[PDB]
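So I've got this experimental structure, pasted below with the sequence.
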Amino acid sequence: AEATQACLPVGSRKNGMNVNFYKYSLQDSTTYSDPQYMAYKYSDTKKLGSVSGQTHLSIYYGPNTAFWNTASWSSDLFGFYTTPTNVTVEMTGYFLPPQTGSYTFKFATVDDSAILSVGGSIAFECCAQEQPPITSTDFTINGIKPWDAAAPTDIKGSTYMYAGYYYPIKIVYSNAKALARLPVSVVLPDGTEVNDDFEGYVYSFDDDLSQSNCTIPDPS
Ligand SMILES: *[C@@H]1O[C@H](CO)[C@@H](O)[C@H](O)[C@H]1NC(C)=O
Ligand SMILES: *[C@@H]1O[C@H](CO)[C@@H](O)[C@H](O)[C@H]1NC(C)=O
Ligand SMILES: [Ca+2]
């Protein structure tokens, strides 16, 4: 009734996360403040492309700063050539806890808008990583851009996880202008912190809905 849903896919395990990119308008500071947009409606906009096997989850970009009202192009976002000054990105994969306990994921800051969803039927459905996004607004970290207020600082979300089970994770991040900043980390059950590089923890599987026992609703 209370344990977070996990999965156990049996397909060949791939390292890292899948990252899709989407059209986002320069200086649109309203669309990404809709919870429905950050949850799933981003997928109804123009998909630009995707990269796989991404293990470094943090977003760090700054333009030449001569104009804070023009787009700027770069591959700094996961090796994909786009406009970090204005873009929406969807990262998906499965987080694998090597120990049982509490996992506190964190955004040191959010610039402009971002989300973290953790669990089956929250981030996405088990064995269905690359299917269209589910409608859940049940964010583990809600960093949806707070309208007229300044960027938020050290916002956290905690998930209790059981060892050896794959937990679906989805981050949806958007930027409308200038800097792109989402420094992602997690404090593990033993207390140690993992910044940026999530290699060893995050994995992908090809979709396989024929596998009926993929969903584990109560890992305890
Ligand atoms: C960002 O803005 C520029 C300027 O309008 C536009 O040409 C470009 O397509 C935009 N990029 C994305 C990914 O939406
Ligand atoms: C779930 O079923 C798959 C075969 O479809 C199998 O590989 C896996 O070991 C099963 N898990 C359990 C706990 O029975
Ligand atoms: Ca910005």
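Yep, it's here. Numbers count the residues shown, from 1 in each chain. Ligands and ions are numbered 1, 2, ... in the order given.

And for residue 146, nearest residue in space, chain neighbours not counted?
Distances taken as C-beta to C-beta, 6 or more residues apart in numbering place residue 152 nearest to residue 146, at 6.5 Å, with adjacent residues excluded. C-beta here means a position set from N, CA and C on the backbone, and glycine is covered the same way.

distance of the one you found from residue 98?
29 Å (C-beta to C-beta, to the nearest Å).

what's the answer for residue 145, then?
Counting by C-beta to C-beta - residue 145 and residue 98 are separated by 34 Å.

Please identify which of these two sits among more neighbours.
Set residue 145 next to residue 98 and count neighbours by other C-beta atoms under 10 Å: residue 145 wins out with 23 against 12.

Which residue, other than its chain neighbours, is closest to the more buried one?
Ranked by C-beta to C-beta, 6+ apart and with sequence neighbours excluded, the top spatial neighbour of residue 145 is residue 113, at 3.8 Å.

Show me what that neighbour is bridged to.
Bridge pairing for residue 113 (DSSP bridges) gives the partners residue 174.

Would you agree it is in contact with residue 42?
No: using C-beta atoms under 8 Å, residue 113 makes no contact with residue 42, being 10.6 Å away.

shared neighbours of the two, which are they?
residue 174 (C-beta atoms under 8 Å, 6 or more residues apart in numbering).

what's the offset of stretch 168-175 from the middle of its chain?
Its chain's C-alpha centre lies 3 Å from the corresponding centre of stretch 168-175 when counted by C-alpha atoms, centre = their mean, to the nearest Å.

Export that stretch to PDB, keeping only CA atoms.
Extracted in PDB, the C-alpha atoms of stretch 168-175 (Å, rounded to 0.1, in the frame of the first residue of the first chain):
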ATOM      1  CA  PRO A 168      12.300   3.900 -13.100                       C
ATOM      2  CA  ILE A 169      13.600   7.400 -13.100                       C
ATOM      3  CA  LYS A 170      12.600  10.300 -15.300                       C
ATOM      4  CA  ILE A 171      14.000  13.800 -15.200                       C
ATOM      5  CA  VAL A 172      12.300  16.500 -17.400                       C
ATOM      6  CA  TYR A 173      14.300  19.800 -17.600                       C
ATOM      7  CA  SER A 174      13.500  23.000 -19.600                       C
ATOM      8  CA  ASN A 175      15.300  26.300 -20.300                       C
END
